[PDB]
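Down below is the structure, laid out as structure tokens.
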Amino acid sequence: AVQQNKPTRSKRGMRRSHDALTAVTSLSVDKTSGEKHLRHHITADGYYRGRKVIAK
Amino acid sequence: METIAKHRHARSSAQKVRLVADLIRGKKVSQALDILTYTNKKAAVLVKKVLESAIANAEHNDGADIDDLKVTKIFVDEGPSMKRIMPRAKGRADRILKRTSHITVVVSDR
Amino acid sequence: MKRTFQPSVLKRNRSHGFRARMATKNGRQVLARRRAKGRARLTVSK
Amino acid sequence: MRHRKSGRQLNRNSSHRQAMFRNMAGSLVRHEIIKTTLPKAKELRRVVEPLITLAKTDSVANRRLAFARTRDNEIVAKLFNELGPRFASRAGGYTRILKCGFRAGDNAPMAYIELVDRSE
RNA sequence: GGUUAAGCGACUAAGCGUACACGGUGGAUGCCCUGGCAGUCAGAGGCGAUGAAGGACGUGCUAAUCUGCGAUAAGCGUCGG
RNA sequence: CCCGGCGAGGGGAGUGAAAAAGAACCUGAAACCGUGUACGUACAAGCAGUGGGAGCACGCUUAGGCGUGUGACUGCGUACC
RNA sequence: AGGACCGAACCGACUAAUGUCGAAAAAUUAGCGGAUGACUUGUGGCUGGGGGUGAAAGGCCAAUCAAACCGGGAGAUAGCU
RNA sequence: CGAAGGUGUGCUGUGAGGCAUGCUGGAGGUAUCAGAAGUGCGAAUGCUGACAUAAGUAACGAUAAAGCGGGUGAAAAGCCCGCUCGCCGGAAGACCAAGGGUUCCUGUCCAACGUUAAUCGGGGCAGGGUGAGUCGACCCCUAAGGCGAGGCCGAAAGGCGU
RNA sequence: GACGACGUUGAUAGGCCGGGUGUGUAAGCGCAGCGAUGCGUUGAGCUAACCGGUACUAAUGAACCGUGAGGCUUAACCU
């Protein structure tokens, strides 16, 4: 539970070698509405494969 | 022509804003707005509210061009601390320091 | 737990009050040192 | 170790779990759409689809059966009285799940459950 | 010029190291004074029942606190500058 | 004036000798923290330096080669009080 | 009638758990001992450091007690780090 | 037409150091030779201020419990309403004394506080509200008990007491 | 985190019809009983994850990283 001899800022870096946020670059474009949602999701205006699905 | 926008004293820590403002290093703006609109975090609330304020400083003060407009440098740097006192058990306290951070967004056409 | 300061103003007044501490000569020196050490609140007042 | 089990626990005791899925399924058919998280959306489906299954072949006894499982006759009033000819032909599924997005409250995978036949 | 094999063989860098350029936090150094200590020189060497030292509560154009003052309350009269 | 939540914060403009003097305000070191460029680095172990040293990268002279950065690999080497 | 029995309140702390950088500088869940007495609680007083008080443990005297705490002797003294 | 200080740089001395100079800096510095000391720091589990590390780990404070729709709004698991669900009920209900002293309420705001966000709050800004011949005290009467005119007693204070 | 099965050229999941399984004579009517209840309907009814099928819903066109015949020298075979 304790540290006896403080690790350098070197090894503090290499522990942070894998924290990097996964990119969500894979956007989609609508079939018959042309707008952009996230893939397998709905827009801000209720479109999903060219349908007013939620009408909100 | 070059322009810079800064949010000073953003109420978080440096590694919390370093992680999403690592992806938008070396990007164009419209792919950066689209990688920050759908990153599910709090720093993506922070700097995406400021990264759009940087392109405002282009279209208004510097180069109105936004289509082919790059982001050159972005580096979140530390700020002050709100050193409150946290109570730990058995009578002893604990000097908490609520962290605070500064972010620059630098926008130009290299 | 039953912590030590279970307070009052009736215990407080007749012990550490003005006329209590400015009764005897050994009390009076405290009122004549809190003066000279320049304290605002002399002993207890509301 | 879960190997070939089913019915996710959703981090509540069984008594709490069953009583929520009542008052979501009561809430589901009254407003016809709900926003929930992804698993509750994914597992309100496995609970509600019995109801409109056991309400096409209308009987006297199945009224209490959708009252022993519901204890809400106003929801039972919408069943058997509109839902009958609404679902004669759908041999099977009645829910088109929609993946909406992300809860700005606490980063949940939000979603949308509906009955299929929608015109309002 | 092409072909099989044999030997040898960089640029890759998730991060990390070092030097420079860049700030970031930080508030040390130099500089500054109506702050304070030690004394020289005279003067005083007391205030107090024709109500003290030290306080409470009020007073203005005012919300507050400090200074002053006290139902005549940031002030009255009086003789001067 | 633009952007923002008619927030915070910030970029221009104007004052001013200067806003890398802006109310957290003269000067602003070090620890610590990042940005960029250059080099080394994923078969090598060990007080992390020193002696030697290829290549690469640069300021240059004067084109013969020094200076600075890094430093593969190698010889020794078990911190201070 | 009972310093009588059973058992809540109230009280006390027996056993185990948990906790023991605690939710707490002595607790929480499961039980346990009593429960009209030599009991329990509230409020207002009295006693005082070689002194109080004690169904006596050197226990208690503001989480500290084989002599409390504050200031003053006093910058004690230290052949000792 | 640039003092000290800071920050690099080329030179220089056997070392402690010195001298010249680029940038930053914006008003003070001090030769030669001598005089006096709060005169040179790595340690003392030294003091003080600041910043690392463990670590983005642990934990979020009782294992009474949520779920949905609507609205306000820039953004809503937590705020306001409605609809059910679940928990307390010799209490986790409602009044009072103690003790706290605006903590109650409307408008408004989210920097900070609330172990999170927050339009909400016992948070900040502003205003408002507490109305008694009978309720409690003050007031008339004593207990335990404290002072204590004369007095007794004691180096002095002061102790006991009518 | 990996490995595996599918993504409308679809049985990968949920639903659904049936079967299987488990519990036992559902409810509601009528009869017998002043009544509790017993009988008939009725080995009915209800049935988590099990097995066999059915696309009813959910598993989209893309977008994306990954490229553009693969260095030096010698030998042995192509001519």
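The table that follows gives values for the structure above.
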{"item": "Separation between Cα centres of the range B:24-87 and the range D:14-69, rounded to whole Å", "result": "46"}
{"item": "Sorted by Cβ neighbour density within 10 Å, fewest at the top, the residues D:65, B:97", "result": "B:97, D:65"}
{"item": "Separation of alpha-carbon centers, chain A and chain C, rounded to whole Å", "result": "66"}
{"item": "0 to 90° range, to nearest 10: angle between helix C:25-34 axis and chain C longest Cα axis", "result": "90"}
{"item": "Rounded to 10°, Cα long-axis angle of helix B:43-59 versus longest principal axis of chain B", "result": "30"}
{"item": "Cα-Cα over 19 Å, subset of B:6/B:83; A:11/B:98; B:28/B:73; B:6/B:70; B:90/C:2; B:41/D:35", "result": "B:6/B:83; A:11/B:98; B:41/D:35"}
{"item": "Mean separation of Cα contacts under 8 Å, 6 or more apart, over the residue count of chain D: relative contact order %", "result": "31"}
{"item": "Helix-only mean residue ellipticity at 222 nm for chain D, each DSSP H run of n ≥ 4 adding -39500 (n - 2.57), per residue, nearest 500", "result": "-13000 deg cm²/dmol"}
{"item": "Using alpha-carbon coordinates, inclination of helix D:38-53 to the longest axis of chain D, degrees", "result": "10"}
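As a convention, Cβ positions derive from the backbone with ideal geometry for all residues, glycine included, and neighbour counts pool all protein chains shown. Coordinate-derived values only; no laboratory data.
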